[PDB]
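Visitor: Structure of the sequence below:
(5 chains, ligands or ions: 1)
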Amino acid sequence: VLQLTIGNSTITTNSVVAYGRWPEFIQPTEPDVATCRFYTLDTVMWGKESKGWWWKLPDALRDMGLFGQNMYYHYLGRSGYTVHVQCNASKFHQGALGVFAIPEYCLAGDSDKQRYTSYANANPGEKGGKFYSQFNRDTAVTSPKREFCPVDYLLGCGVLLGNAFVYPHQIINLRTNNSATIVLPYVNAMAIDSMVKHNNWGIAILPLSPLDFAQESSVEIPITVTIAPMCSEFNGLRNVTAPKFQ
Amino acid sequence: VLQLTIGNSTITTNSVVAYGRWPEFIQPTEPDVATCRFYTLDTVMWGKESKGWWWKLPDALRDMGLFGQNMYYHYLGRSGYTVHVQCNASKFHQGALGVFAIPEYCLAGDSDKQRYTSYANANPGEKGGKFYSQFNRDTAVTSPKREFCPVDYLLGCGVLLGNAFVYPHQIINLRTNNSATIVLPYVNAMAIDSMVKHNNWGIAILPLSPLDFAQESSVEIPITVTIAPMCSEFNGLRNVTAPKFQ
Amino acid sequence: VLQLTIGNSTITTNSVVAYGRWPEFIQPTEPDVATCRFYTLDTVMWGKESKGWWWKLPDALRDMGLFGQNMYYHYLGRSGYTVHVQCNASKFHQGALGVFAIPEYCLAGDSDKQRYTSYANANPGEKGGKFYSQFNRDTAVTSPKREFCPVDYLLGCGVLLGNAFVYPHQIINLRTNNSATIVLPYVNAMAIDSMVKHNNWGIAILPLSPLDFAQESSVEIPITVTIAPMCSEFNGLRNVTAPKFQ
Amino acid sequence: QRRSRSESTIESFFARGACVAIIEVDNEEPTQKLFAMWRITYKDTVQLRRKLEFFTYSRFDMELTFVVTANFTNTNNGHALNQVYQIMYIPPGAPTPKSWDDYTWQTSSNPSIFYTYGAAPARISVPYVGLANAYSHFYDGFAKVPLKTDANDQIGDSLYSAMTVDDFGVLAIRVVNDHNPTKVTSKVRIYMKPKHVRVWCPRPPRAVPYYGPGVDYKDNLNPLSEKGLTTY
Amino acid sequence: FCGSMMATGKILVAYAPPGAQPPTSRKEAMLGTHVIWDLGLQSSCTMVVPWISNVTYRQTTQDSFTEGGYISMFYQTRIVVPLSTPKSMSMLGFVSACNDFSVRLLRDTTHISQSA
Ligand SMILES: CCCCCCCCCCCCC/C=C/[C@H](O)[C@H](N)CO
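Guide: Residues are numbered from 1 along each chain as shown, chains lettered A, B, ... in the order given. You can find the structure just below:
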């Protein structure tokens, strides 16, 4: 059994390295301990009719630990991630979770106006978001929601979810593995970029096969996403950034 | 002219090292950039009838920059300090500021109950406190203030202010120097101690000679205390500490 | 204290060399003594509402010493300059004089006709000229003044006075220095050119900060411009040139 | 194994020049089509876009080829001498022309082509002019961040997946010839051939028709066609 | 500083990289890069803004993605002037490029114009 320990956080179990590149550094400010903890996101229930979940990195780790504090205080920071998606399932639970790590995971909005989604709805953080079977158009012209309308089979970006495996992916197949680990290096056009506005990665937990258990009516098991910022180094220390999330 | 630069903060002018020891380290978490900034405390006016000011370190640097965040998130942290007390005065301004760095600067309370001062009043932070000519006893038995009653000539600790020069001291004599710098190493019975509860140092800016200017009725000049955490390393990362300051 | 002596003229005080080039020679006629004297121009009062002064070199040194005589008798002469602008100010006088040395200091005329300014008004000499807050247009159509209309913030040449520091400049800041020295080499498209018609340089003394003293109503201090022709060599000795200055 | 991957290389995959824009430029009388400024981008056409959206980041030395095709409009018997077309670059910041007879057409520092109609299409190479170390086909962020201290929401309101408003400036095409009574309507087709292409972080291609310059989509969300499960 | 030689004070010159609230207060300005300038000791202070940027090159236009930052000045200690001294003094600011400074993508300036 694999037991990976980083900083002051240990996770017991296969792990895959995104694009075969390990997170490594490039005077940046690198907390070797305060930012290497495996911050645990909000656990999400995998309902029988669930369509999927999506988080934005490092947006997900904006309020957890000192990583978010260094991210808001500093101007521009680069950080690799280690995403451990653990789904406790019994021998009689069937299902598969595609854990995709989309670089620059641009999602589609609900309104007819292109790229009209707001910053608050595009950066939900630890909460994340969820996919939808169809594309429900925003009809509130007086007060547009300005939120994503991610579609499962379209991956929220118009591409096919079947081809989404071009990204760094890992399949949590409850019959063979109850957890998955993806080590994402800092992927960006720039050597280092502002994290408060830019989301380096996007994690998508999509049920490739529906969850069933003993022919039960409704079955829901927990899914815990634990993200660890690896080699997170920031630069441009200045006054704290307090974004408007409404 | 001396121009000392640390991290991303530069101060232009003599500097004295406390106890002849320079701040040095002893897996602690040491932000080499995020915690080395010269955080500027609230400027205080040196009135003609002023009696003095006192700040507690690292209590003063609890809400400034990521130093306070690392101090609250981590259990126990050690940090040297560099206190630059700058008092802009003209050639015709006369006065002297004793800048004393008391290790374990225990102050006296106002109530008859010994050691009854509360944590909120004993840790004012960037605001700091002020000395008083006499010892005003707390008379509110229904709601005791539970605040210090620091006396100038007693240094708030029963000792004589004249002997306060046993501590690491620097005299800002407006005729010869308009600023003072004291480099305090981490002084504590322990190699590293909780900073949220313990104040490693206490800075006391006491007017040894009253401020006068051109025989004016009331004269007040600014005093700016800029403290830089040097070699600040913390350990015991855990949930943020949110003390009650009322 | 710097005390620079040339020929038979000594000046006691920093000096800056224009374009990093020192005045040096290229059968020219070079008076090693008669033309190296620090000829003192007319002292100008720096009023509180003063806008600036401008002189043309070698036009300024046309009637002082044998330099002007060699300049008028000879056809074409090249000469470096050393301009010492000395402004006696007390410790309580505040102000700044930008001393700019514009190569080919073309000024703007007042009339609507472009380049219509006359030779007499364009070459005032030791008297020099002064800048004006705004651009007053010449309205005398019967008898046009044909004089420059130099504007302070436009430097009399349409450029911004703030960028005028691209030229060899020196700031007389009365708090740190009461004098400035600029050593200008012979700057011209030609190795040597007629001085009676061409002005190799232009000195501009512009108050970058207004002059104030003890909150007085009107304050005016002297400014003395002492120009020394260095390595002045002439050629083409012939009958004296007597320009018409009206 | 033994078959080479020459045609499959990224340099070969983008070796084709793709129409990225069609600019209509007229020489009509002052009655707005005298000149035309097209914001330089491949997202006006979907083919080269989709080829580029195959990857997240790109770094290529572009090669633009302008094919100008002119016609006589509103005249059955029309005459006009061979026209010269000015294709001027206006990078982000350079002053844009407000009219045909504008000073900015002097091109003192803006690079410009003067293509004589009937000659070979005007080709020019452009290096990687990206600010970052690679072109960002996809951006999962914004340009501004709405802060708590902002006076209004429009201060930090920015378009999603939009880095800069003036991405890479505008291409201003005009007819250098004077306005003739005979109106000659011209179409300048710009063909983009990425050269020295280096791509990073591949992405699946868009299976639904594009909708705007982002990853949004409105209709035609049915890429797959009906087919039996056991039908070969 | 263009004040009197008898005028002293401390000016905090702060560069705050973008991505946060502009430094409307000295407490926010001292969190970013900053330098204390004593008006009495030195009449001119050089605040070097290091090249910190996400992109390798910022744009010359005003755009929020390649925005440079925020330069501010505050009174660390107020100006102290004796009697018979001008209480209100002026100062100048000079911007310059360092040796590492460079530009690319030559273009036409928006400043100059020609009516036609
Ligand atoms: C006649 C002179 C014309 C000069 C043409 C050179 C203009 C250079 C602009 C080429 C840039 C286009 C390639 C970049 C595409 C971007 O990545 C996408 N718009 C999205 O980021």
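
Visitor: The lengthiest helix in chain A vs chain D: in contact?
Guide: Looking across chain A with DSSP state H, the single longest helix is helix A:65-73. No: applying C-beta under 8 Å from any C-beta of the partner chain, one finds helix A:65-73 separated from chain D by no less than 9.9 Å. From N, CA and C alone the C-beta is placed, and that goes for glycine too.

Visitor: does any bit of the following helix or strand past that helix sit next to chain D?
Guide: Next helix or strand after helix A:65-73 toward the C-terminus (DSSP states H and E): strand A:74-87. No: under the criterion of C-beta under 8 Å from any C-beta, chain D is not reached by strand A:74-87; the shortest gap measures 11.4 Å.

Visitor: Strand A:74-87 vs helix B:65-73, what angle?
Guide: 30 degrees (axes from the mean of the first three to the mean of the last three C-alpha atoms, to 10 degrees).

Visitor: wait, what's in contact with whichever residue of chain D sits closest to the ligand?
Guide: Proximity of chain D to the ligand (C-beta to the nearest ligand atom) peaks at residue D:135, 3.4 Å away. Residues near residue D:135 by C-beta atoms under 8 Å, 6 or more residues apart in numbering or on different chains: A:189, D:57-60, D:128.

Visitor: hmm, 10 Å instead?
Guide: A:189, D:52, D:55-60, D:62, D:128-129, D:168, D:194, D:197-200 (C-beta atoms under 10 Å, 6 or more residues apart in numbering or on different chains).

Visitor: Which ones among these map onto helices?
Guide: Filtering the contacts of residue D:135 for helices - DSSP H - leaves residue D:52.

Visitor: how about residue D:140, phi and psi?
Guide: Note on residue D:140: its backbone torsions stand at phi -90, psi 30 [degrees, to the nearest 10].

Visitor: Count the neighbours of it for me.
Guide: 28 (other C-beta atoms under 10 Å in any protein chain shown).

Visitor: Which parts of the chain are helices?
Guide: No chain specified, so I'll use chain A. A:65-73, A:119-122.

Visitor: oops, I was thinking of chain D
Guide: Using DSSP H, helices in chain D cover D:10-13, D:46-53.

Visitor: ok so, going back, can you name the residues bridging to the residue of chain D closest to the ligand?
Guide: residue D:58 (DSSP bridges).

Visitor: For it, give its distance to residue A:100.
Guide: Using C-beta to C-beta, to the nearest Å, residue D:135 is found at 23 Å from residue A:100.

Visitor: sorry, back to before: reformat the helices of chain D as a markdown table; add distance to residue D:189 and mean neighbour count.
Guide: Formatted as a markdown table, the helices of chain D follow (distance: least, C-beta to C-beta, whole Å; neighbours: other C-beta atoms under 10 Å in any protein chain shown):
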| stretch | distance to residue D:189 | mean neighbour count |
| --- | --- | --- |
| helix D:10-13 | 22 | 14 |
| helix D:46-53 | 13 | 18 |
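
Visitor: Does anything pack onto the longest helix of chain A? Which helices or strands?
Guide: Helix A:65-73 sits against strand A:39-40, strand A:74-87, strand A:221-237, helix B:65-73, strand B:221-237, with contacts defined as 3 or more C-beta pairs under 10 Å, 6 or more residues apart in numbering or on different chains; DSSP states H and E.

Visitor: Nearest to the ligand, out of those?
Guide: Between the helices and strands packed on helix A:65-73, strand A:74-87 lies closest to the ligand; by C-beta to the nearest ligand atom that is 19.0 Å.

Visitor: I am finished for the moment; much appreciated.
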